[PDB]
Amino acid sequence: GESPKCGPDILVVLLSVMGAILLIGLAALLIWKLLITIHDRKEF
Amino acid sequence: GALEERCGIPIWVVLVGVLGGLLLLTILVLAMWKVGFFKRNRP
């Protein structure tokens with residue numbers, strides 16, 4: 001086997017979790033901007 | 001039968017994973033802000 005090596009397998013999960021964090025943050029960022037644009041257009 | 005745990009994920013790794021993502025997220029914000037992405041092209 002010489003493959004129980006939880007390098008690749010941990011690595012897949014460490015990367016997968018990291019990707020998840022990166023993708024939501026980007027989502028959050030866009031959502032924040034979207035609300036700001038709307039509040040700014042919304043002539044009060 | 002439970003000899004699994006081939007690669008049970010230690011909290012450190014999830015902890016390292018979370019930290020890396022936040023660091024990448026902090027870089028992303030700074031670069032875009034510096035680029036004026038968040039600023040208006042208000043003419």
# chains A, B, ... in the order shown; residues from 1 in each chain; ligands from 1
$ residues_around --residues "range 13-28 of chain B" --least-positions-apart "3" --cutoff "12 Å" --atoms "only C-alpha atoms" --output "JSON list (two decimals) with N, CA and C atoms, in the first residue's frame"
[["chain", "number", "residue", "atom", "x", "y", "z"],
["A", 6, "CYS", "N", -1.75, 9.55, 4.83],
["A", 6, "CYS", "CA", -2.82, 10.49, 4.88],
["A", 6, "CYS", "C", -2.33, 11.84, 4.51],
["A", 7, "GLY", "N", -1.51, 11.85, 3.49],
["A", 7, "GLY", "CA", -1.03, 13.08, 2.94],
["A", 7, "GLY", "C", -2.04, 13.45, 1.87],
["A", 9, "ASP", "N", -4.92, 12.09, 0.99],
["A", 9, "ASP", "CA", -6.31, 12.04, 1.47],
["A", 9, "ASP", "C", -6.62, 13.19, 2.43],
["A", 10, "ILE", "N", -5.73, 13.46, 3.37],
["A", 10, "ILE", "CA", -5.91, 14.64, 4.23],
["A", 10, "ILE", "C", -5.81, 15.86, 3.31],
["A", 11, "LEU", "N", -4.87, 15.79, 2.38],
["A", 11, "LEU", "CA", -4.64, 16.91, 1.47],
["A", 11, "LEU", "C", -5.87, 17.22, 0.64],
["A", 12, "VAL", "N", -6.59, 16.20, 0.20],
["A", 12, "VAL", "CA", -7.79, 16.44, -0.59],
["A", 12, "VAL", "C", -8.83, 17.16, 0.26],
["A", 13, "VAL", "N", -8.98, 16.72, 1.51],
["A", 13, "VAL", "CA", -9.92, 17.35, 2.42],
["A", 13, "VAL", "C", -9.41, 18.72, 2.85],
["A", 14, "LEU", "N", -8.13, 18.88, 3.18],
["A", 14, "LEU", "CA", -7.66, 20.20, 3.56],
["A", 14, "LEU", "C", -7.90, 21.17, 2.41],
["A", 15, "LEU", "N", -7.66, 20.74, 1.19],
["A", 15, "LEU", "CA", -7.89, 21.61, 0.03],
["A", 15, "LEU", "C", -9.39, 21.87, -0.17],
["A", 16, "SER", "N", -10.16, 20.80, -0.07],
["A", 16, "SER", "CA", -11.61, 20.92, -0.25],
["A", 16, "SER", "C", -12.21, 21.90, 0.76],
["A", 17, "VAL", "N", -11.81, 21.80, 2.02],
["A", 17, "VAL", "CA", -12.32, 22.73, 3.03],
["A", 17, "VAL", "C", -11.84, 24.13, 2.65],
["A", 18, "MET", "N", -10.56, 24.25, 2.33],
["A", 18, "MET", "CA", -10.03, 25.56, 2.00],
["A", 18, "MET", "C", -10.77, 26.18, 0.82],
["A", 19, "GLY", "N", -11.07, 25.38, -0.20],
["A", 19, "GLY", "CA", -11.80, 25.88, -1.36],
["A", 19, "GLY", "C", -13.15, 26.42, -0.93],
["A", 20, "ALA", "N", -13.80, 25.64, -0.05],
["A", 20, "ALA", "CA", -15.12, 26.00, 0.44],
["A", 20, "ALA", "C", -15.08, 27.38, 1.10],
["A", 21, "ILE", "N", -14.05, 27.61, 1.91],
["A", 21, "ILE", "CA", -13.92, 28.89, 2.58],
["A", 21, "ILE", "C", -13.75, 29.98, 1.53],
["A", 22, "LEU", "N", -12.88, 29.73, 0.57],
["A", 22, "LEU", "CA", -12.60, 30.72, -0.45],
["A", 22, "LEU", "C", -13.84, 31.07, -1.28],
["A", 23, "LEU", "N", -14.60, 30.04, -1.66],
["A", 23, "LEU", "CA", -15.79, 30.25, -2.49],
["A", 23, "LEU", "C", -16.92, 31.01, -1.77],
["A", 24, "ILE", "N", -17.14, 30.76, -0.48],
["A", 24, "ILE", "CA", -18.22, 31.48, 0.22],
["A", 24, "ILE", "C", -17.82, 32.93, 0.48],
["A", 25, "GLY", "N", -16.56, 33.13, 0.81],
["A", 25, "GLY", "CA", -16.09, 34.50, 1.07],
["A", 25, "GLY", "C", -16.32, 35.37, -0.17],
["A", 26, "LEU", "N", -16.02, 34.81, -1.34],
["A", 26, "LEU", "CA", -16.23, 35.49, -2.60],
["A", 26, "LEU", "C", -17.72, 35.74, -2.79],
["A", 27, "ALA", "N", -18.54, 34.76, -2.41],
["A", 27, "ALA", "CA", -19.99, 34.89, -2.50],
["A", 27, "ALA", "C", -20.46, 36.03, -1.59],
["A", 28, "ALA", "N", -19.94, 36.01, -0.37],
["A", 28, "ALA", "CA", -20.30, 37.03, 0.62],
["A", 28, "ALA", "C", -19.94, 38.41, 0.08],
["A", 29, "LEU", "N", -18.75, 38.50, -0.48],
["A", 29, "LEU", "CA", -18.24, 39.77, -0.99],
["A", 29, "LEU", "C", -19.18, 40.36, -2.05],
["B", 7, "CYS", "N", -7.36, 7.73, 6.97],
["B", 7, "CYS", "CA", -6.97, 9.10, 7.05],
["B", 7, "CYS", "C", -8.01, 9.92, 7.74],
["B", 8, "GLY", "N", -8.31, 9.53, 8.98],
["B", 8, "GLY", "CA", -9.22, 10.31, 9.78],
["B", 8, "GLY", "C", -8.61, 11.69, 9.80],
["B", 9, "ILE", "N", -9.41, 12.71, 9.56],
["B", 9, "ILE", "CA", -8.87, 14.07, 9.47],
["B", 9, "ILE", "C", -8.66, 14.72, 10.84],
["B", 10, "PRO", "N", -7.42, 14.90, 11.30],
["B", 10, "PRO", "CA", -7.17, 15.58, 12.61],
["B", 10, "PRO", "C", -7.66, 17.04, 12.57],
["B", 31, "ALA", "N", -6.47, 43.20, -2.17],
["B", 31, "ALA", "CA", -6.12, 43.45, -3.56],
["B", 31, "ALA", "C", -7.26, 44.16, -4.30],
["B", 32, "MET", "N", -8.48, 43.67, -4.12],
["B", 32, "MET", "CA", -9.62, 44.27, -4.80],
["B", 32, "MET", "C", -9.87, 45.69, -4.28],
["B", 33, "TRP", "N", -9.74, 45.90, -2.98],
["B", 33, "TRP", "CA", -9.94, 47.22, -2.39],
["B", 33, "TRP", "C", -8.90, 48.18, -2.94],
["B", 34, "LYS", "N", -7.66, 47.73, -2.93],
["B", 34, "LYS", "CA", -6.56, 48.54, -3.43],
["B", 34, "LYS", "C", -6.80, 48.89, -4.89],
["B", 35, "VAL", "N", -7.42, 47.98, -5.63],
["B", 35, "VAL", "CA", -7.69, 48.18, -7.05],
["B", 35, "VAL", "C", -8.88, 49.12, -7.27],
["B", 37, "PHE", "N", -11.92, 48.39, -6.74],
["B", 37, "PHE", "CA", -13.06, 47.61, -7.14],
["B", 37, "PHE", "C", -14.27, 48.02, -6.32]]
$ atom_distance --atom1 "CA of residue 5 in chain B" --atom2 "CA of residue 4 in chain A"
9.1 Å
$ decode --residues "range 1-32 of chain B" --atoms "N, CA and C atoms" --output "PDB file, in the first residue's frame"
ATOM      1  N   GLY B   1     -12.776  -3.722   9.754  1.00  0.00           N
ATOM      2  CA  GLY B   1     -14.154  -3.563  10.316  1.00  0.00           C
ATOM      3  C   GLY B   1     -14.278  -2.148  10.842  1.00  0.00           C
ATOM      4  N   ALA B   2     -13.126  -1.601  11.154  1.00  0.00           N
ATOM      5  CA  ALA B   2     -12.993  -0.247  11.631  1.00  0.00           C
ATOM      6  C   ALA B   2     -11.533   0.087  11.518  1.00  0.00           C
ATOM      7  N   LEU B   3     -10.829  -0.789  10.791  1.00  0.00           N
ATOM      8  CA  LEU B   3      -9.440  -0.553  10.534  1.00  0.00           C
ATOM      9  C   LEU B   3      -9.393   0.682   9.686  1.00  0.00           C
ATOM     10  N   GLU B   4     -10.588   1.226   9.356  1.00  0.00           N
ATOM     11  CA  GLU B   4     -10.600   2.451   8.610  1.00  0.00           C
ATOM     12  C   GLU B   4      -9.883   3.468   9.493  1.00  0.00           C
ATOM     13  N   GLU B   5     -10.050   4.726   9.196  1.00  0.00           N
ATOM     14  CA  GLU B   5      -9.319   5.789   9.880  1.00  0.00           C
ATOM     15  C   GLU B   5      -8.075   5.885   9.057  1.00  0.00           C
ATOM     16  N   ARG B   6      -8.231   5.445   7.800  1.00  0.00           N
ATOM     17  CA  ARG B   6      -7.141   5.443   6.856  1.00  0.00           C
ATOM     18  C   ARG B   6      -6.491   6.747   6.969  1.00  0.00           C
ATOM     19  N   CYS B   7      -7.360   7.735   6.974  1.00  0.00           N
ATOM     20  CA  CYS B   7      -6.966   9.097   7.045  1.00  0.00           C
ATOM     21  C   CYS B   7      -8.007   9.919   7.744  1.00  0.00           C
ATOM     22  N   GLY B   8      -8.306   9.528   8.983  1.00  0.00           N
ATOM     23  CA  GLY B   8      -9.225  10.312   9.776  1.00  0.00           C
ATOM     24  C   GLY B   8      -8.615  11.689   9.800  1.00  0.00           C
ATOM     25  N   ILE B   9      -9.405  12.711   9.561  1.00  0.00           N
ATOM     26  CA  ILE B   9      -8.868  14.068   9.465  1.00  0.00           C
ATOM     27  C   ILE B   9      -8.661  14.723  10.844  1.00  0.00           C
ATOM     28  N   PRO B  10      -7.424  14.904  11.302  1.00  0.00           N
ATOM     29  CA  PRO B  10      -7.174  15.581  12.606  1.00  0.00           C
ATOM     30  C   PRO B  10      -7.658  17.035  12.575  1.00  0.00           C
ATOM     31  N   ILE B  11      -8.230  17.480  13.682  1.00  0.00           N
ATOM     32  CA  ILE B  11      -8.731  18.845  13.771  1.00  0.00           C
ATOM     33  C   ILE B  11      -7.628  19.814  13.348  1.00  0.00           C
ATOM     34  N   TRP B  12      -6.349  19.534  13.560  1.00  0.00           N
ATOM     35  CA  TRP B  12      -5.312  20.482  13.157  1.00  0.00           C
ATOM     36  C   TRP B  12      -5.443  20.809  11.680  1.00  0.00           C
ATOM     37  N   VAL B  13      -5.643  19.776  10.894  1.00  0.00           N
ATOM     38  CA  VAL B  13      -5.757  19.935   9.457  1.00  0.00           C
ATOM     39  C   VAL B  13      -6.975  20.766   9.113  1.00  0.00           C
ATOM     40  N   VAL B  14      -8.098  20.525   9.745  1.00  0.00           N
ATOM     41  CA  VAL B  14      -9.249  21.362   9.482  1.00  0.00           C
ATOM     42  C   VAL B  14      -8.865  22.756   9.960  1.00  0.00           C
ATOM     43  N   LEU B  15      -8.191  22.827  11.093  1.00  0.00           N
ATOM     44  CA  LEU B  15      -7.750  24.111  11.637  1.00  0.00           C
ATOM     45  C   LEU B  15      -6.754  24.755  10.673  1.00  0.00           C
ATOM     46  N   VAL B  16      -5.809  24.009  10.127  1.00  0.00           N
ATOM     47  CA  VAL B  16      -4.877  24.600   9.176  1.00  0.00           C
ATOM     48  C   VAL B  16      -5.668  25.019   7.942  1.00  0.00           C
ATOM     49  N   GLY B  17      -6.593  24.177   7.489  1.00  0.00           N
ATOM     50  CA  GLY B  17      -7.383  24.500   6.304  1.00  0.00           C
ATOM     51  C   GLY B  17      -8.157  25.810   6.477  1.00  0.00           C
ATOM     52  N   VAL B  18      -8.813  25.951   7.625  1.00  0.00           N
ATOM     53  CA  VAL B  18      -9.599  27.158   7.892  1.00  0.00           C
ATOM     54  C   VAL B  18      -8.713  28.410   7.887  1.00  0.00           C
ATOM     55  N   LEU B  19      -7.551  28.312   8.526  1.00  0.00           N
ATOM     56  CA  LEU B  19      -6.629  29.448   8.604  1.00  0.00           C
ATOM     57  C   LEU B  19      -6.152  29.881   7.217  1.00  0.00           C
ATOM     58  N   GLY B  20      -5.819  28.903   6.381  1.00  0.00           N
ATOM     59  CA  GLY B  20      -5.338  29.213   5.037  1.00  0.00           C
ATOM     60  C   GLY B  20      -6.410  29.933   4.225  1.00  0.00           C
ATOM     61  N   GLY B  21      -7.642  29.451   4.319  1.00  0.00           N
ATOM     62  CA  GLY B  21      -8.751  30.061   3.592  1.00  0.00           C
ATOM     63  C   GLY B  21      -8.933  31.506   4.042  1.00  0.00           C
ATOM     64  N   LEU B  22      -8.943  31.765   5.340  1.00  0.00           N
ATOM     65  CA  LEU B  22      -9.096  33.132   5.825  1.00  0.00           C
ATOM     66  C   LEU B  22      -7.936  33.982   5.310  1.00  0.00           C
ATOM     67  N   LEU B  23      -6.725  33.442   5.322  1.00  0.00           N
ATOM     68  CA  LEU B  23      -5.594  34.221   4.819  1.00  0.00           C
ATOM     69  C   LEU B  23      -5.818  34.531   3.335  1.00  0.00           C
ATOM     70  N   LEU B  24      -6.229  33.548   2.542  1.00  0.00           N
ATOM     71  CA  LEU B  24      -6.481  33.805   1.123  1.00  0.00           C
ATOM     72  C   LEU B  24      -7.602  34.835   0.977  1.00  0.00           C
ATOM     73  N   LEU B  25      -8.633  34.700   1.804  1.00  0.00           N
ATOM     74  CA  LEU B  25      -9.762  35.629   1.780  1.00  0.00           C
ATOM     75  C   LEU B  25      -9.282  37.036   2.154  1.00  0.00           C
ATOM     76  N   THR B  26      -8.411  37.171   3.147  1.00  0.00           N
ATOM     77  CA  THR B  26      -7.898  38.492   3.500  1.00  0.00           C
ATOM     78  C   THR B  26      -7.082  39.049   2.335  1.00  0.00           C
ATOM     79  N   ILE B  27      -6.308  38.244   1.617  1.00  0.00           N
ATOM     80  CA  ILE B  27      -5.531  38.771   0.497  1.00  0.00           C
ATOM     81  C   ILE B  27      -6.456  39.283  -0.609  1.00  0.00           C
ATOM     82  N   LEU B  28      -7.474  38.470  -0.874  1.00  0.00           N
ATOM     83  CA  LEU B  28      -8.406  38.827  -1.942  1.00  0.00           C
ATOM     84  C   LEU B  28      -9.040  40.193  -1.674  1.00  0.00           C
ATOM     85  N   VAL B  29      -9.524  40.432  -0.456  1.00  0.00           N
ATOM     86  CA  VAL B  29     -10.175  41.697  -0.120  1.00  0.00           C
ATOM     87  C   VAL B  29      -9.229  42.874  -0.312  1.00  0.00           C
ATOM     88  N   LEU B  30      -8.011  42.740   0.197  1.00  0.00           N
ATOM     89  CA  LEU B  30      -7.046  43.825   0.120  1.00  0.00           C
ATOM     90  C   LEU B  30      -6.707  44.194  -1.319  1.00  0.00           C
ATOM     91  N   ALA B  31      -6.469  43.199  -2.170  1.00  0.00           N
ATOM     92  CA  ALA B  31      -6.121  43.453  -3.562  1.00  0.00           C
ATOM     93  C   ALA B  31      -7.259  44.155  -4.297  1.00  0.00           C
ATOM     94  N   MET B  32      -8.481  43.668  -4.124  1.00  0.00           N
ATOM     95  CA  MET B  32      -9.623  44.273  -4.797  1.00  0.00           C
ATOM     96  C   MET B  32      -9.867  45.689  -4.284  1.00  0.00           C
TER      97      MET B  32
END
